[PDB]
Every structure is written in structure tokens, then in C-alpha cells.
């Protein structure tokens, strides 16, 4: 297995200036002819010319129109085409080839493949080499002239990057289109699409240059009525980049295309963004509410790459976070502005501190800029994306909006049209830092440790108040646990956004303040503090760290009720829950270990329950925030705090805590469920796809959260509410009715009803599958077998496979059945999927990421399944590398 090392970067001995492609799609094969106009670089030392080319069937290869012969002048081993240096010219030359590829049977969905009746490419990271020979790395920038030909009846719409400069008829019912894209680009941004596509379109006029941009959104004909929201999101994305960043789109046209089979969410190919249908298509009758934020996020994300990734690209793949972390940060700013709901930021933090913190304490832990890789298909991680986004966001917190915008414009202006590295971005931020500090000696050298140091820092506090001196001090310490990447961890530049709350009136005691912690510890002192405050720490979640606030539950309750910052309120609630969970977990664990016949559990704090009631009953409080406070922290968040976690004991712990709170608040929950109905389920705009109300969707989230709590509690006659909910026009409601009916004898009646409502829309059916998969059913294993035999079958669609299996893996009690049968089931699915899609097989390994954090019996059971998968003779490179790292081999 070849390991690539970040420190080994060296420019190529060759240059590719022009790519001229002819892609001829036929029924049983696709023929690709390519001429590369090439040159010798200043770094050349007379080496062999080696092209990447994976799984290509050679018809011919030539240099300057002289056909080369295998064995004598070149070798090809299905991965590398080597032309021996004695046959490589010393000045500008043309390399040409004709190869045969087979998109129909390309079920790995990389390179050129068929998704239903659409031919589509996916070239990031190293997929272009599956289409034709290339030096397949992002610093090999070239011009592209691309012709596609195909049967006209089957493939009337032909698309590639750049301007469509010719369309022509071909004998035999064929036709072609030629696309010329003069600006230099890396090959991972090449794309082609051919299909019987239908569209919606609009014209957007840029803010400053007043350029007309044509916007097109495409899908198969069946789903063309689901394209409206995506088009609105694209217009919103363009306006946001103009308004916040002053950045306009540079091209005459932007196409977005939905396909049914896609490994991830979407891809930013220049002028031709390609999407998983689940991240582009929605309608109010056929989609759950989550689709609306998802489409907004993903359309925005791909659009923002036009600058951060496309116009400014990567020198090499180790710089991935420079485009992905920065584009996620841009998407987060956009979505926060578009939704105007505090839950947008909270949802990103909730994901980071569960999924990403788990990764960062697992054997897979890596910094946002890794030092090495084997599989690029395994590099696209929540660490690179989501911790990367938080590292990119910390620059905005440190600089403030005005100087952040100044620094970002420096980055764009200096690097536009070129490759870049993480250091280029830090340099631009540093220039703004010097301006803000009015000190040309200020620097951000320490900040670079956020790119190289793995693991989550822990930040802890101690406080002191002198009533006579009116002087308050916050003593802060940071620590990162040593791991496989650094034996000694260095202190980071940690910005701590803080407020000081007066506990008597709830008011702010100081102005906006961001503490800059740059040492292992520091003491921050505040004078003229008239009363002992309660500190509001890491406002907005100002650094990606474990926060140890050292506050009492009384202090946390005061913040939960009265603080101004949504995150600190949410975090104070989280911390109250965590203290309770850890205490009850240990009480249950001791009773299990000691086989006690009787024992005591510490009750939930009654003032905390009163505080939840107070917030729930406040009509001016936010419905989305309310849904968070009645929900315990995610299992994957909890697990970072418990060694040898017994999942059954955790399930009993959560059940006790939910029952304690419900025993006091269920009548409140029911009253709110009923009173929220009118606004939550308002149908005024049901047939307007342009009208999306994020507050209303949060009201539905709150109702559906309360309904779940009341259903689990067997609240009297709640089944009546469940049945009525199943008649709602909103899929979020009627699918909720299925999941909450799991606790009643009506489950299979609702299973059949909602199946019939879902079966005729491909994406809705996938949402139905997820709802079944995560249903809290004692017979879930039998239900999964039924889904396999009746619905999923041998589908190779990643959306189908992920929908059936991933939600079930979050069933704490059932997936972690002590027999190991859930681990065995998912391992069988992984091995089956690995035969045709290694990238998706590795995604399906997700539940194993926490294996070494569980109790010793479950550790053994998971390790046995991972070792079984590793022993499969036909294991893919992707899956083998991933499991070897995960099991510490």
C-alpha cells in the first residue's frame, strides 16, 4: 500500500496545457479519445512519463501522432501508464490515447458511471484517471475542450464545463455537443452529464458588474416538480456571496443536476454542480422538513466553492480543509443568515461535539491537515470538514467581521486563479490581525497548530471574586490529551467569547469580550465588577473544545433561563444533563456489577425541571430551542465521557431521566402539543415551493419531539393524537406518526399506510425506510429482514442501503444487543457493499468507530466482526486501510 506524505510534495516534471476530449457514449461501452498538449517543466530530470489511468482498456496511444507499442515504448498495469523516458520528447509534445470504459457497470460511482438513465461523472479526488490518462493531481492545471456524443433519443441533454460552442447531428440517430472551457482548472473539477433531463431556469443579474447569469436546475422528468426550492437557494447563495464577501459569479451559466446514485451530497464541478437527488429535490407533499435546510446548505456549499476551491484551488490533497473547512464555514454563515433561527448554529455544534469529537478520540483521530494518506476516498471526514469549519470560523471570532472581511479579500485577491495552501490563508488572516492589533509585530504563527495538532482540547476554569475590590478573575487552563500523532501537545490559540451575567437581574456586566488564551493557562482579571457574576463562557461555541465550566447546577439554571447567548444556554442545559447522566449511570452500573437487590437513584434536580417548564411555557421563547432542552444529549456525545460504556446501562439511565422529567412535565408537553398545532401545521403556503418558514418547521420539530416523549410515556389516550397526526399532509408529521406508533398495537397499520404514501417517490420512500429503521421496536431485527426482502432487495443505490441500515445502528438497546447480532448484521452489509462500492462500505463502518469505548464484552464482539471483515480475501483498499487504522494494526 502506497503511503503519500505531506512533506514529500514536489511539482511535476511535466505540464499539461490543453486537454481535448471526445467522449462517445455507446450502448455497451464508452470510447474516450484524448489529446494532451504537454510540455517539460523546469523540475524535469529526464524521468519516465507516468500517467495515472485506472481500469482503462487501451485501443491506442501515441506521441506526436506516432503510435506507441506496448512493451517496447510503454507499459500499462491497470493503474499506471509508463512511457519510457527515451521515448518522451524534450520540448512541447502531444500525447494522445483512445480508451474504452464501461459506465453501465461502474457501481462504485467514481469516474464515469450510469445512474438510472443518466450518464454522470464524479472525479474528485482521483477519479479523472478512471476516464482517461492524466497526471491526476490538482496542481496540474489545464484548459479543456470537450466533445460528447450519444444516442439522441436516450441522451438529448449533453453538458460539460464551459461554454457550449457547437451542437451537431451524427448519422445513426446520434448527436454531439462541444464545450470549450478556457480558464485553467484541475482535473477533479471536470464533469460530463448526458441524459433525458428536464429543467427549471432563471436569469440572475450580478450586483456590481451587472452580468446576466443563466441558472439551470435539472432532474429526470418524473421529479421536475421538485426543483423549485433548489433554484431559490441558488439565487440566495449568489446574493449572499455578493452581500457578505463582495464576490460575484464570473461565468455565463451555472447548471445544477440531480442524480439518484451518488456517494455523498454534491460536487462543485465548475459550472456543472452535480447533486445527490436527496440534496437538491424537494416538495412539500413529498419531502420531510429536513430536506429544506439540507438543500439550502448543499446548494450554498457547492456555490461557495466557486471561489473557495475552484477559482482558488489546492496545491495538493493535504490542503483539502483549505477548501472544505472554509466552504463549510461560508455555508454556515449563509445558512445562519437565511434561517434566522438559533438552532442552525446549535445543530452544527451538536453534530461536531458528537460525531467529530468521537472521531477525534478514536484510533482514526487526525488533524485537519493530515501528514499522510493511503486512500483519498477515506480523507473526506468530519474532522476535515466540520472541525475545519470551526478553525475557519475562529478567525472571524478573533478578527471581528470588519477585519475578517478584509483578510478574506486579501486571500482571494492574492490567490485567485492559482493553487494555494493552508499557509496562504493563515498569511492573509495574519495581515488583517496586524491591522486590527495596530502592531506589525503581531503574528498568527501559533494559529497554525490548529492545522497540525490532532485531538480535542479541554478547557477548564476557576473563578475568584473579591467583593471589596469589585474584582473578578477567570483562571483558564487548556490541555490536549497525547495521542498517536503528537506525544507532546502544545497550547493552542483559543478565543474565548465571554459575557458576565449579573445573577440578580440577568443583565450583561461587560461589553463584548473575546479572551485570547495562548498559553497552557492564564488568569483574566476584570475590575469594577459590582457583584459576583455568573460567567457566560465560549459564547456561540467560540472554539472546538471540551468546555469544563465548573459551575453549579444553580448557576447553570440561571444561565439557561437568563443568558443572552443561545449556545451558552444550550450548553448549560447539556452540562446539567451530563452531570445527571454520569451519576445515574454509575448508580445503575454499581447495582448491575454488585447484583444488588435494592439500591437508590439520585433524582433529577427539581429546579432544573422547573426551569424547563418555565422556558416551555414562555410564548416568546423559540420553538427550536425548546426542542433541544427537552432532549437528552446525543449518545455519541455522552460516550466521550464514559470509559467502558455499557450501552444497556446507558439506555436504562436515559430511560430513568426521561421518566423523571415526564412524570412532572407530561401535562405541559400535551398542552403545548395541542396549542402549537394551528401555527405548526398551517397549510396556507403548502402549494408554494418558494415559501419556506424555518420557524414553522421548528414548531413542527417541537411538536414531533413532544409527541415522541408522550408516546413513550403512554400518556393517556395519546394514540388518538398519533392516529390524527398520521392524517397530516406534512411528511414530517405522518412519518413521525409511524415512529411514535412503535409503542402501540397500531404500528403495522401505520407501517402499511405510510408505505403506500411513500412508495411512488424515490426519495420519500428512502425517508420511509429511515423511519422504519430507527423505529423503537422490540421486533426490529425481523422488521429489517422484511425491508430487505420486500423493499431494499439487491439495490446498489447508496441512498437505499444507508437508509435501511444507518438509523438502526443508532438504536442503543438493539444494535448493541449483547449477542453481537447487530454487529454481525452490519458487518455482513459492509462486506456485501464493498464488492461494488468501497467508499460506501467504509461509510457503513460508522458504528464501529466507538468500538474501543464500550464495555469489554462489546469491544470483543465488535473487534471480532472487524477482524472477520479484514480477513475477506476480496477486501477493497479503502475498507482494508480504514479497518487497519480503526483496529490499531
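Numbering follows the first chain given and starts at 1.
Asks: Do the C-alpha atoms of 81-89 or of 519-527 have the higher average B factor in the entry?
Replies: Taking the mean C-alpha B-factor of 519-527 and of 81-89, the larger value falls to 81-89.
Asks: Would you mind comparing 351-359 and 803-811 for me and telling me which has the higher average C-alpha temperature factor in the entry?
Replies: According to the PDB entry, the answer is 803-811.
Asks: Reading the B-factor column of the entry, which of 331, 409, 555, 695 has the highest value at its C-alpha atom?
Replies: The record points to 409.
Asks: Per the coordinate record, which of the options 759, 305, 626, 700 holds the highest CA temperature factor?
Replies: Result of the comparison over 759, 305, 626, 700: 759.
Asks: Classify residue 53 as lowest, middle or highest third according to the C-alpha B-factor given in the PDB entry, relative to its own chain.
Replies: According to the entry, residue 53 has a C-alpha B-factor in the chain's middle third.
Asks: By the record's CA B-factor, is residue 665 among the lowest, middle or highest third of residues in the chain?
Replies: Residue 665: CA B-factor falls in the middle third of its chain.
Asks: C-alpha B factor of residue 831, ranked within the chain: lowest, middle or highest third?
Replies: Lowest third of the chain for residue 831's C-alpha B-factor.
Asks: What third of its chain, lowest, middle or highest, does the C-alpha temperature factor of residue 155 fall into?
Replies: It falls in the top third of the chain.
Asks: Based on the deposited C-alpha B factors for this chain, I'd like to know if residue 64 is in the lowest, middle or highest third.
Replies: As the PDB entry reports it, the C-alpha B-factor of residue 64 lands in the highest third of its chain.
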